[PDB]
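Novice: There's a structure below that I have some questions on.
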Amino acid sequence: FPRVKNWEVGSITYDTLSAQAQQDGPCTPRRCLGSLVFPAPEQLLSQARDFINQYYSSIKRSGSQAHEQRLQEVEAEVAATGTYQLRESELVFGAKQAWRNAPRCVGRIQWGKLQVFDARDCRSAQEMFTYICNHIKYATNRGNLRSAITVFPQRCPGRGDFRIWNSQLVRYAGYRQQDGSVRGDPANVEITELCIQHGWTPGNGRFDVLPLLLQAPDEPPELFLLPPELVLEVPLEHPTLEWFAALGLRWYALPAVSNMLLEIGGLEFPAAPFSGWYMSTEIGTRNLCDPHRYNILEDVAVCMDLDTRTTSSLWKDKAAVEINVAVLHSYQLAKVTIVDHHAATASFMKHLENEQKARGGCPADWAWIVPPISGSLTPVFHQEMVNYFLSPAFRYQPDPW
Amino acid sequence: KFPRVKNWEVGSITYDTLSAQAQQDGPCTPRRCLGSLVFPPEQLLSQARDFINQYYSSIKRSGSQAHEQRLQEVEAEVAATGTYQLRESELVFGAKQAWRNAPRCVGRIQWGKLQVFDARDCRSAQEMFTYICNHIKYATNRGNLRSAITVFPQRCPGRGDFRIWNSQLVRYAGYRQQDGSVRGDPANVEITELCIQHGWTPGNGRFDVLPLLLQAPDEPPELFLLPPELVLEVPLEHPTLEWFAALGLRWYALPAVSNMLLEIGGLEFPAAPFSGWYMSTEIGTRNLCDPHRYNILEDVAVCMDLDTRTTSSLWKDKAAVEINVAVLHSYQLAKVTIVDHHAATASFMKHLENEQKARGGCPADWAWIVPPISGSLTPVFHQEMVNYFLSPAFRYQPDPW
Ligand code: HEM
Ligand code: HEM
Ligand SMILES: Cc1cc(N)nc(COc2cc(CCN3CCC3)cc(F)c2F)c1
Ligand SMILES: Cc1cc(N)nc(COc2cc(CCN3CCC3)cc(F)c2F)c1
Ligand SMILES: C[C@H](O)[C@H](O)[C@H]1CNc2nc(N)[nH]c(=O)c2N1
Ligand SMILES: C[C@H](O)[C@H](O)[C@H]1CNc2nc(N)[nH]c(=O)c2N1
Ligand SMILES: [Cl-]
Ligand SMILES: [Cl-]
Ligand SMILES: [Gd]
Ligand SMILES: [Gd]
Ligand SMILES: [Zn+2]
């Protein structure tokens with residue numbers, strides 16, 4: 001039962017919830033591997049059993065009549081068909097828990113406010129595209145972003161998987177150039193090659209929005225173009241540095257992760273895209289300044305006429321801070337929801353206290369909760385954390401190709 | 001079973017085969033990761049044997065004459081007395097290897113340049129004090145800082161204990177009020193409470209260099225007044241915000257860690273203060289800007305006429321970069337050795353590649369190697385790392401009371 005200290009205030013709690021940790025992680029007492037980014041009918045039953053207990057515990061009918069039937073229904077249905085179907089209420093309850101259990105998510109103060117779309121009756125890549133366009137449309141909401149998840153038909157024996165090949169619903173093309181370089185986003189060179197190979201006529205800008213590659217079961221992926229007027233984008237400008245808009249930088253409003261597997265009570269939904277709103281550092285710091293991403297840091301500092309020959313001038317840090325300022329200003333100007341890493345960490349601390357009262361702890365991967373700049377300026381820096389895996393959960397899964 | 005370790009800036013891959021040697025066990029289990037937590041008889045022969053076998057390999061004397069010979073003397077030394085004394089070169093070799101194995105030290109590229117003063121024949125606090133004072137004056141070197149460590153007599157059973165009560169050789173006072181809140185450094189409130197109890201006259205400053213509380217075996221502590229000309233300090237000023245000097249800020253030159261316990265070949269030296277030189281973020285970001293330390297961030301932001309009303313202004317981030325610029329600037333002006341976090345982390349990557357070729361890996365705790373500001377702007381953010389306990393080593397130790 002770990003003792004967890006917060007160093008800002010001095011408080012101490014004990015994460016009793018870590019004992020309920022089911023699936024095991026990559027660390028042992030010999031060696032910690034926390035900083036690594038990427039770490040049968042009877043067991044389907046005990047996961048299903050556990051989830052149904054969870055569900056009924058949340059509705060205050062733990063141990064009741066209905067409880068007994070469900071357990072009995074799920075067993076007899078596994079025995080009969082090898083699997084079982086979630087009810088709608090149980091599905092909504094499991095999308096929410098999966099978010100509440102994501103240790104690398106800082107936005108989890110919002111976990112109970114989640115719009116779940118049941119698309120488990122989906123039938124084709126063409127229906128799949130329609131459900132997605134409506135997800136984007138509802139989540140985006142003209143800049144007043146809302147959290148949503150669309151759940152496509154679960155993995156099941158006999159049929160292939162529904163898969164979204166794109167890591168996110170909105171990605172920018174990454175074209176490998178002549179001289180080995182990359183135009184656009186380098187994290188998406190591969191999805192870009194696949195889209196071309198499947199008949200997408202490429203562009204050559206730095207911010208070409210990628211088509212969707214949508215895989216129906218036992219089917220090749222099919223190419224679908226997003227309507228331009230569905231993808232709300234924000235041009236990036238600086239409140240005081242007016243040469244900044246001459247960079248032509250843009251980002252998109254809607255962060256919608258689309259390649260993660262959703263796990264509920266032993267069942268697996270390999271296509272369940274979810275979306276919220278951005279924190280300024282993900283765009284400002286990571287997407288635009290990462291040396292393997294758009295890598296603008298140098299060009300900004302040169303424009304700012306900072307001294308880039310030496311590092312002790314902290315030109316990197318000065319340029320980066322104004323790149324974030326610009327992201328926050330641009331998004332509020334465009335009236336698109338956005339949260340800065342101070343407010344986001346502040347309110348994640350409020351999540352951490354709400355969680356301690358409710359379950360006795362909270363899965364949190366420190367290295368992902370602390371923002372990529374100004375770490376120790378936020379309060380999550382000084383909070384010790386305990387990293388474990390609870391189910392329901394979003395897990396990574398391999399690329400379908 | 002050789003952990004795959006990736007660098008995400010470049011995409012390179014290495015395997016840490018050194019992690020297999022981890023004798024002492026850390027705090028993580030497959031159930032939960034505790035990496036972000038700060039803290040948690042003739043077996044002595046096995047520790048002494050393996051340490052000796054390191055030594056002779058490091059001098060290409062694996063399996064020859066003196067190798068077996070020295071092995072015999074340990075066997076016999078312990079057989080007679082129940083403990084043993086280190087050949088002075090082994091003391092030097094283990095002092096350097098403990099530094100080389102410190103997972104949380106980002107300055108380990110300097111590990112081979114360590115001055116080891118041998119204080120093993122010490123008896124009395126007045127004796128320590130001079131061993132300490134020679135260390136301080138050697139390492140400071142009029143501001144040309146030099147890594148040094150002084151090794152006071154190892155612990156043996158039935159004996160007392162050499163302990164330096166201060167967490168560091170140079171610590172600022174912290175004074176409580178008719179309203180509680182601290183003037184000076186709140187991290188040192190306690191040792192200031194002790195220093196006064198043992199008769200020290202309290203000052204009224206926010207940068208009052210504490211006395212020392214040195215303690216010899218089986219004896220109470222003795223206060224020691226450090227000579228002011230030995231405590232080299234740097235007044236803080238900012239190159240272009242001329243009011244910064246007016247704030248009255250200072251920090252000292254010598255980062256000197258007393259209260260940690262050297263552990264070599266099964267011997268335990270509870271008094272073994274080491275020293276090197278500062279990285280600017282330790283001073284500007286941690287010591288001056290932590291909410292539980294001096295916490296000057298809002299004060300500097302007022303003076304910059306920043307909009308502290310909203311957090312999306314990134315006033316915290318802006319003021320912090322300037323506080324760091326002033327620390328770098330001030331140390332460079334005083335001709336005192338200092339290193340910024342971009343220079344430091346880039347030198348630590350040159351360390352990891354060095355260590356790959358040499359020992360097949362390196363133990364590194366990611367959360368302390370990444371700087372407390374601008375983390376993703378430094379290359380070590382993008383480097384996966386593995387944390388484990390090699391020996392020799394510096395360990396945390398309980399307070400001597
Ligand atoms: C609405 C505001 C939200 C904010 C501010 C937010 C913030 C973040 C951030 C900064 C990360 C780390 C990103 C990275 O890997 O660099 C993250 C990860 C994650 N988020 Fe959230 N998120 C939000 C909503 C959601 C929603 C609605 C879901 C699911 C329904 C979700 C699920 C996850 C998961 C599973 C991860 C871990 C995967 C990973 O980071 O690699 N988040 N979130
Ligand atoms: C020469 C320049 C050096 C630099 C720039 C440097 C820098 C750092 C920094 C920034 C930390 C962060 C840990 C924290 O903030 O708590 C650290 C930890 C540590 N360093 Fe170094 N260091 C240097 C030399 C040394 C030497 C000479 C030794 C011992 C021989 C040493 C041993 C350690 C240990 C044991 C820790 C972890 C203990 C702890 O942080 O509680 N370092 N160092
Ligand atoms: C719903 C939601 C809201 C929000 N605000 N942010 C996210 C980001 O989620 C993710 C981002 C990535 C890419 C991470 N790379 C490091 C920098 C880019 C991978 C994932 F698996 C995520 F889950 C998701
Ligand atoms: C030799 C050396 C060189 C260098 N440059 N820095 C150091 C600091 O090491 C340490 C710092 C602290 C204080 C921690 N404070 C809370 C946040 C800061 C405690 C330790 F136990 C250390 F070991 C040591
Ligand atoms: C290798 C390193 O652990 C990796 O870059 C991690 C560190 N922390 C992170 N934290 C967040 N929020 N997002 C990330 O992508 C990462 N990357
Ligand atoms: C909770 C967290 O692990 C803890 O505050 C650590 C994080 N990283 C740190 N890094 C350094 N250099 N110094 C520290 O005190 C800490 N504190
Ligand atoms: Cl993103
Ligand atoms: Cl310090
Ligand atoms: Gd301007
Ligand atoms: Gd003024
Ligand atoms: Zn761990």
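Each chain in the structure tokens gets a letter, A, B and so on, in the order shown; residues start at 1 in every chain, and ligands are counted from 1 in the order they appear.
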Kindly assemble as a Markdown table a list of the chain B residues that lie within 12 Å of ligand 1, each paired with its nearest atom pair and their distance in Å to one decimal, using only C-alpha atoms and all ligand atoms, sorted first by chain and then by ascending residue number.
Specialist:
| residue | atom | partner | partner_atom_place_in_ligand_line | distance |
| --- | --- | --- | --- | --- |
| B:376 | CA | ligand 1 | 16 (O) | 10.7 |
| B:381 | CA | ligand 1 | 16 (O) | 11.9 |
| B:382 | CA | ligand 1 | 16 (O) | 11.7 |
Novice: Hey, what does DSSP flag as alpha helix (DSSP H) within stretch 117-315 of chain B? Can you give it to me as a ChimeraX atom specification?
Specialist: /B:125-140,189-197,243-246,280-281,288-289,297-303,315
Novice: Looking at only C-alpha atoms and all ligand atoms, which of A:300, A:386, A:316, A:392 is the one that sits closest to ligand 11?
Specialist: A:386
Novice: Write down, as JSON, numbers by chain, each residue of chain B that has any atom within 7 Å of an atom of chain A, counting only C-alpha atoms.
Specialist: {"B": [9, 19, 22, 25, 26, 27, 28, 29, 30, 31, 32, 33, 34, 35, 36, 37, 291, 292, 311, 312, 313, 314, 317, 321, 325, 328, 340, 342, 343, 366, 367, 372, 373, 374, 375, 376, 384, 385, 386, 387, 388]}
Novice: Kindly compile the residues surrounding ligand 7 within 10 Å, counting only C-alpha atoms and all ligand atoms, and format them as a PDB file with N, CA, C and O atoms, in the first residue's frame.
Specialist:
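Saved to result.pdb:
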ATOM      1  N   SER A 167      -4.037   7.336 -37.011  1.00  0.00           N
ATOM      2  CA  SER A 167      -3.871   7.460 -35.564  1.00  0.00           C
ATOM      3  C   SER A 167      -4.865   8.445 -34.979  1.00  0.00           C
ATOM      4  O   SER A 167      -5.315   8.261 -33.843  1.00  0.00           O
ATOM      5  N   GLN A 168      -5.230   9.482 -35.741  1.00  0.00           N
ATOM      6  CA  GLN A 168      -6.223  10.452 -35.300  1.00  0.00           C
ATOM      7  C   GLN A 168      -7.134  10.833 -36.459  1.00  0.00           C
ATOM      8  O   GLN A 168      -6.740  10.796 -37.633  1.00  0.00           O
ATOM      9  N   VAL A 170      -8.020  13.681 -37.402  1.00  0.00           N
ATOM     10  CA  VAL A 170      -7.465  14.830 -38.110  1.00  0.00           C
ATOM     11  C   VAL A 170      -5.946  14.747 -38.054  1.00  0.00           C
ATOM     12  O   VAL A 170      -5.329  15.005 -37.008  1.00  0.00           O
ATOM     13  N   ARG A 171      -5.330  14.438 -39.185  1.00  0.00           N
ATOM     14  CA  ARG A 171      -3.880  14.449 -39.289  1.00  0.00           C
ATOM     15  C   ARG A 171      -3.473  15.254 -40.502  1.00  0.00           C
ATOM     16  O   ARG A 171      -4.228  15.368 -41.476  1.00  0.00           O
ATOM     17  N   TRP A 251      -3.107  24.842 -36.730  1.00  0.00           N
ATOM     18  CA  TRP A 251      -3.385  23.519 -36.173  1.00  0.00           C
ATOM     19  C   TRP A 251      -4.895  23.292 -36.242  1.00  0.00           C
ATOM     20  O   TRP A 251      -5.645  24.206 -36.587  1.00  0.00           O
ATOM     21  N   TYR A 252      -5.352  22.078 -35.916  1.00  0.00           N
ATOM     22  CA  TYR A 252      -6.776  21.743 -35.986  1.00  0.00           C
ATOM     23  C   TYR A 252      -7.423  21.808 -34.604  1.00  0.00           C
ATOM     24  O   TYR A 252      -6.764  21.698 -33.574  1.00  0.00           O
ATOM     25  N   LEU A 254      -9.822  19.737 -33.242  1.00  0.00           N
ATOM     26  CA  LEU A 254     -10.371  18.545 -32.601  1.00  0.00           C
ATOM     27  C   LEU A 254      -9.300  17.477 -32.439  1.00  0.00           C
ATOM     28  O   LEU A 254      -8.864  16.891 -33.443  1.00  0.00           O
ATOM     29  N   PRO A 255      -8.844  17.190 -31.223  1.00  0.00           N
ATOM     30  CA  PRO A 255      -7.960  16.038 -31.013  1.00  0.00           C
ATOM     31  C   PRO A 255      -8.802  14.781 -30.814  1.00  0.00           C
ATOM     32  O   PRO A 255      -9.471  14.630 -29.794  1.00  0.00           O
ATOM     33  N   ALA A 256      -8.786  13.889 -31.811  1.00  0.00           N
ATOM     34  CA  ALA A 256      -9.646  12.693 -31.837  1.00  0.00           C
ATOM     35  C   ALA A 256      -8.768  11.487 -32.111  1.00  0.00           C
ATOM     36  O   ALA A 256      -8.382  11.243 -33.260  1.00  0.00           O
ATOM     37  N   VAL A 257      -8.438  10.751 -31.050  1.00  0.00           N
ATOM     38  CA  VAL A 257      -7.568   9.589 -31.162  1.00  0.00           C
ATOM     39  C   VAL A 257      -8.398   8.415 -31.672  1.00  0.00           C
ATOM     40  O   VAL A 257      -9.511   8.164 -31.189  1.00  0.00           O
ATOM     41  N   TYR A 278      -7.828  20.297 -26.877  1.00  0.00           N
ATOM     42  CA  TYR A 278      -6.378  20.331 -26.727  1.00  0.00           C
ATOM     43  C   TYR A 278      -5.947  21.085 -25.475  1.00  0.00           C
ATOM     44  O   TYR A 278      -6.602  22.027 -25.020  1.00  0.00           O
ATOM     45  N   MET A 279      -4.811  20.667 -24.932  1.00  0.00           N
ATOM     46  CA  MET A 279      -4.007  21.495 -24.044  1.00  0.00           C
ATOM     47  C   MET A 279      -2.921  22.180 -24.868  1.00  0.00           C
ATOM     48  O   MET A 279      -2.312  21.553 -25.737  1.00  0.00           O
ATOM     49  N   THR A 281       0.107  22.996 -24.635  1.00  0.00           N
ATOM     50  CA  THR A 281       1.456  22.459 -24.786  1.00  0.00           C
ATOM     51  C   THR A 281       1.518  21.352 -25.831  1.00  0.00           C
ATOM     52  O   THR A 281       2.548  21.214 -26.494  1.00  0.00           O
ATOM     53  N   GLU A 282       0.454  20.562 -26.019  1.00  0.00           N
ATOM     54  CA  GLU A 282       0.573  19.468 -26.992  1.00  0.00           C
ATOM     55  C   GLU A 282       0.840  20.016 -28.382  1.00  0.00           C
ATOM     56  O   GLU A 282       1.688  19.497 -29.120  1.00  0.00           O
ATOM     57  N   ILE A 283       0.140  21.097 -28.734  1.00  0.00           N
ATOM     58  CA  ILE A 283       0.365  21.795 -29.994  1.00  0.00           C
ATOM     59  C   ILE A 283       1.632  22.642 -29.914  1.00  0.00           C
ATOM     60  O   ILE A 283       2.479  22.614 -30.816  1.00  0.00           O
ATOM     61  N   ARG A 286       4.946  20.242 -28.103  1.00  0.00           N
ATOM     62  CA  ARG A 286       5.271  18.947 -28.701  1.00  0.00           C
ATOM     63  C   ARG A 286       5.113  18.967 -30.214  1.00  0.00           C
ATOM     64  O   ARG A 286       6.054  18.643 -30.939  1.00  0.00           O
ATOM     65  N   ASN A 287       3.939  19.357 -30.721  1.00  0.00           N
ATOM     66  CA  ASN A 287       3.691  19.136 -32.148  1.00  0.00           C
ATOM     67  C   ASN A 287       4.519  20.072 -33.011  1.00  0.00           C
ATOM     68  O   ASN A 287       4.937  19.699 -34.114  1.00  0.00           O
TER      69      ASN A 287
END
Novice: Pick out the residues sitting within 8 Å of stretch 361-365 of chain B, and hand them over as an mmCIF file with N, CA and C atoms, in the first residue's frame; count only C-alpha atoms, and ignore anything fewer than 5 positions along from it in its own chain.
Specialist:
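Contents of around-v1.cif, as written:
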data_model
loop_
_atom_site.group_PDB
_atom_site.id
_atom_site.type_symbol
_atom_site.label_atom_id
_atom_site.label_comp_id
_atom_site.auth_asym_id
_atom_site.auth_seq_id
_atom_site.Cartn_x
_atom_site.Cartn_y
_atom_site.Cartn_z
ATOM 1 N N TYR B 15 20.008 -1.875 -26.278
ATOM 2 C CA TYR B 15 19.601 -2.819 -25.249
ATOM 3 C C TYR B 15 20.453 -2.613 -24.004
ATOM 4 N N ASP B 16 19.793 -2.500 -22.846
ATOM 5 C CA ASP B 16 20.514 -2.329 -21.581
ATOM 6 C C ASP B 16 20.774 -3.711 -20.986
ATOM 7 N N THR B 17 21.960 -4.250 -21.262
ATOM 8 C CA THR B 17 22.344 -5.519 -20.657
ATOM 9 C C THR B 17 22.939 -5.333 -19.270
ATOM 10 N N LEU B 18 23.346 -4.110 -18.930
ATOM 11 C CA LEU B 18 23.886 -3.838 -17.601
ATOM 12 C C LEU B 18 22.832 -4.004 -16.516
ATOM 13 N N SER B 19 21.548 -3.841 -16.863
ATOM 14 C CA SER B 19 20.487 -3.897 -15.861
ATOM 15 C C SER B 19 20.424 -5.252 -15.169
ATOM 16 N N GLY B 35 8.117 4.927 -9.484
ATOM 17 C CA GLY B 35 9.312 5.641 -9.892
ATOM 18 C C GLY B 35 9.353 7.105 -9.494
ATOM 19 N N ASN B 101 27.057 5.642 -10.958
ATOM 20 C CA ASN B 101 25.879 4.801 -10.812
ATOM 21 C C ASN B 101 24.661 5.550 -10.284
ATOM 22 N N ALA B 102 24.812 6.820 -9.858
ATOM 23 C CA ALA B 102 23.715 7.643 -9.348
ATOM 24 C C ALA B 102 22.652 7.916 -10.412
ATOM 25 N N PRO B 103 21.509 7.234 -10.365
ATOM 26 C CA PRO B 103 20.535 7.371 -11.467
ATOM 27 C C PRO B 103 20.018 8.783 -11.656
ATOM 28 N N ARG B 104 19.952 9.572 -10.589
ATOM 29 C CA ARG B 104 19.366 10.900 -10.647
ATOM 30 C C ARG B 104 20.365 11.998 -10.990
ATOM 31 N N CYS B 105 21.637 11.670 -11.242
ATOM 32 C CA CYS B 105 22.648 12.692 -11.540
ATOM 33 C C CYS B 105 22.751 12.865 -13.053
ATOM 34 N N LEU B 352 25.435 8.747 -22.050
ATOM 35 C CA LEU B 352 24.744 7.469 -22.267
ATOM 36 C C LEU B 352 25.397 6.656 -23.378
ATOM 37 N N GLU B 355 28.480 5.220 -22.077
ATOM 38 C CA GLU B 355 28.222 4.122 -21.159
ATOM 39 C C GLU B 355 27.742 2.885 -21.897
ATOM 40 N N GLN B 356 26.996 3.070 -22.994
ATOM 41 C CA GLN B 356 26.609 1.939 -23.832
ATOM 42 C C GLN B 356 27.825 1.140 -24.273
ATOM 43 N N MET B 385 14.702 5.521 -20.710
ATOM 44 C CA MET B 385 15.756 5.217 -19.755
ATOM 45 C C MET B 385 15.298 4.099 -18.828
ATOM 46 N N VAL B 386 16.279 3.461 -18.192
ATOM 47 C CA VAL B 386 16.063 2.345 -17.278
ATOM 48 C C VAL B 386 16.719 2.667 -15.943
ATOM 49 N N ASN B 387 15.957 2.503 -14.872
ATOM 50 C CA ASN B 387 16.387 2.834 -13.526
ATOM 51 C C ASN B 387 16.604 1.546 -12.750
ATOM 52 N N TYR B 388 17.789 1.404 -12.159
ATOM 53 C CA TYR B 388 18.145 0.254 -11.334
ATOM 54 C C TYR B 388 19.309 0.660 -10.427
ATOM 55 N N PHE B 389 19.590 -0.186 -9.433
ATOM 56 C CA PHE B 389 20.566 0.092 -8.378
ATOM 57 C C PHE B 389 21.826 -0.741 -8.621
ATOM 58 N N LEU B 390 22.907 -0.090 -9.047
ATOM 59 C CA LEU B 390 24.225 -0.718 -9.099
ATOM 60 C C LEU B 390 25.041 -0.339 -7.867
#
Novice: Using atom CA of residue B:124 and atom CA of residue B:92 as the two end points, give the distance in Å to one decimal.
Specialist: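 Atom-to-atom, atom CA of residue B:124 and atom CA of residue B:92 are spaced 23.4 Å apart.
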Novice: What is the distance, in Å and to one decimal place, between atom CA of residue B:324 and atom CA of residue A:245?
Specialist: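 Going from atom CA of residue B:324 over to atom CA of residue A:245, I get 28.8 Å.
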Novice: Hey, which residues sit close to ligand 8? Say within 10 Å, counting only C-alpha atoms and all ligand atoms, and write them as a list in words.
Specialist: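 Those residues are residues 167, 168, 170, 171, 251, 252, 254, 255, 256, 257, 278, 279, 281, 282, 283, 284, 286, 287 and 288 of chain B.
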Novice: For the residues selected in the previous step, produce a file with C-alpha atoms as a PDB file, in the first residue's frame.
Specialist:
ATOM      1  CA  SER B 167      21.608  18.400   4.393  1.00  0.00           C
ATOM      2  CA  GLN B 168      24.331  20.430   2.641  1.00  0.00           C
ATOM      3  CA  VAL B 170      25.972  25.572   2.504  1.00  0.00           C
ATOM      4  CA  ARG B 171      22.375  26.124   3.614  1.00  0.00           C
ATOM      5  CA  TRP B 251      22.704  32.001  -4.031  1.00  0.00           C
ATOM      6  CA  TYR B 252      25.942  30.189  -3.102  1.00  0.00           C
ATOM      7  CA  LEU B 254      29.161  25.193  -3.985  1.00  0.00           C
ATOM      8  CA  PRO B 255      26.505  22.442  -4.191  1.00  0.00           C
ATOM      9  CA  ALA B 256      27.749  20.237  -1.376  1.00  0.00           C
ATOM     10  CA  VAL B 257      25.652  17.234  -0.332  1.00  0.00           C
ATOM     11  CA  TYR B 278      25.372  23.791 -10.042  1.00  0.00           C
ATOM     12  CA  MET B 279      23.048  23.489 -12.998  1.00  0.00           C
ATOM     13  CA  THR B 281      17.671  25.222 -13.104  1.00  0.00           C
ATOM     14  CA  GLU B 282      18.422  23.829  -9.630  1.00  0.00           C
ATOM     15  CA  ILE B 283      18.920  27.388  -8.380  1.00  0.00           C
ATOM     16  CA  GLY B 284      16.532  29.447 -10.476  1.00  0.00           C
ATOM     17  CA  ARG B 286      13.759  24.678  -7.966  1.00  0.00           C
ATOM     18  CA  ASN B 287      15.298  26.623  -5.066  1.00  0.00           C
ATOM     19  CA  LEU B 288      13.972  30.067  -5.913  1.00  0.00           C
TER      20      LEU B 288
END
Novice: Give me, as a list in words, the set of residues whose atoms come within 6 Å of any atom of ligand 9, counting only C-alpha atoms and all ligand atoms.
Specialist: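 Every residue with an atom at most 6 Å from ligand 9 is listed here: residues 240, 241 and 242 of chain A.
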Novice: Since we have the selection now, will you write its residues out, keeping N, CA and C atoms, as a PDB file, in the first residue's frame?
Specialist:
ATOM      1  N   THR A 240       1.580  39.877 -29.706  1.00  0.00           N
ATOM      2  CA  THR A 240       2.490  40.977 -29.978  1.00  0.00           C
ATOM      3  C   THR A 240       3.464  40.717 -31.129  1.00  0.00           C
ATOM      4  N   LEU A 241       3.889  39.485 -31.433  1.00  0.00           N
ATOM      5  CA  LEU A 241       4.822  39.337 -32.560  1.00  0.00           C
ATOM      6  C   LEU A 241       4.026  39.146 -33.849  1.00  0.00           C
ATOM      7  N   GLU A 242       3.833  40.247 -34.587  1.00  0.00           N
ATOM      8  CA  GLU A 242       2.993  40.263 -35.777  1.00  0.00           C
ATOM      9  C   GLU A 242       3.641  39.584 -36.971  1.00  0.00           C
TER      10      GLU A 242
END
Novice: Near residue B:162, within 9 Å and counting only C-alpha atoms, which residues show up once chain neighbours fewer than 5 positions away are dropped, as a count of residues only?
Specialist: 16
Novice: Quick one: residues within 6 Å of residue A:272, only C-alpha atoms, excluding same-chain residues fewer than 6 positions away - as a ChimeraX atom specification?
Specialist: /A:150-152
Novice: Excluding same-chain residues fewer than 3 positions from residue A:188, what lies within 8 Å of it counting only C-alpha atoms, as a PDB file with N, CA and C atoms, in the first residue's frame?
Specialist:
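So the final result, stored in part_27.pdb, reads:
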ATOM      1  N   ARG A 171      -5.330  14.438 -39.185  1.00  0.00           N
ATOM      2  CA  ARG A 171      -3.880  14.449 -39.289  1.00  0.00           C
ATOM      3  C   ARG A 171      -3.473  15.254 -40.502  1.00  0.00           C
ATOM      4  N   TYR A 172      -2.271  15.807 -40.426  1.00  0.00           N
ATOM      5  CA  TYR A 172      -1.663  16.510 -41.538  1.00  0.00           C
ATOM      6  C   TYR A 172      -0.690  15.593 -42.265  1.00  0.00           C
ATOM      7  N   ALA A 173      -0.740  15.650 -43.589  1.00  0.00           N
ATOM      8  CA  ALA A 173       0.159  14.884 -44.426  1.00  0.00           C
ATOM      9  C   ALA A 173       1.625  15.120 -44.059  1.00  0.00           C
ATOM     10  N   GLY A 174       2.419  14.068 -44.232  1.00  0.00           N
ATOM     11  CA  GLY A 174       3.863  14.133 -44.141  1.00  0.00           C
ATOM     12  C   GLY A 174       4.516  13.521 -45.360  1.00  0.00           C
ATOM     13  N   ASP A 185       3.928  17.090 -41.492  1.00  0.00           N
ATOM     14  CA  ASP A 185       4.199  16.478 -40.200  1.00  0.00           C
ATOM     15  C   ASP A 185       4.958  15.173 -40.388  1.00  0.00           C
ATOM     16  N   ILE A 191       1.267   6.818 -42.627  1.00  0.00           N
ATOM     17  CA  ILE A 191      -0.141   6.920 -42.989  1.00  0.00           C
ATOM     18  C   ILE A 191      -0.292   7.697 -44.291  1.00  0.00           C
ATOM     19  N   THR A 192       0.580   8.687 -44.518  1.00  0.00           N
ATOM     20  CA  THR A 192       0.572   9.427 -45.778  1.00  0.00           C
ATOM     21  C   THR A 192       0.915   8.526 -46.964  1.00  0.00           C
TER      22      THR A 192
END
Novice: Taking only C-alpha atoms and all ligand atoms into account, which residues have an atom no farther than 9 Å from ligand 10? I'd like them as a PyMOL selection string.
Specialist: chain B and resi 303-305
Novice: Residues near stretch 201-218 of chain A, anyone? I mean within 6 Å using only C-alpha atoms, not counting same-chain ones fewer than 2 positions away, as a count of residues only.
Specialist: 18
Novice: Looking at A:284, A:114, A:193, A:380, which one is nearest to ligand 6, with distances taken over only C-alpha atoms and all ligand atoms?
Specialist: A:380
Novice: Using the chain letters and numbers from this document, which residues of stretch 101-229 of chain A does DSSP assign to strand (DSSP E), as a PyMOL selection string?
Specialist: chain A and resi 115-118+148-151+163-164+174-176+182-184+212-215+222-224
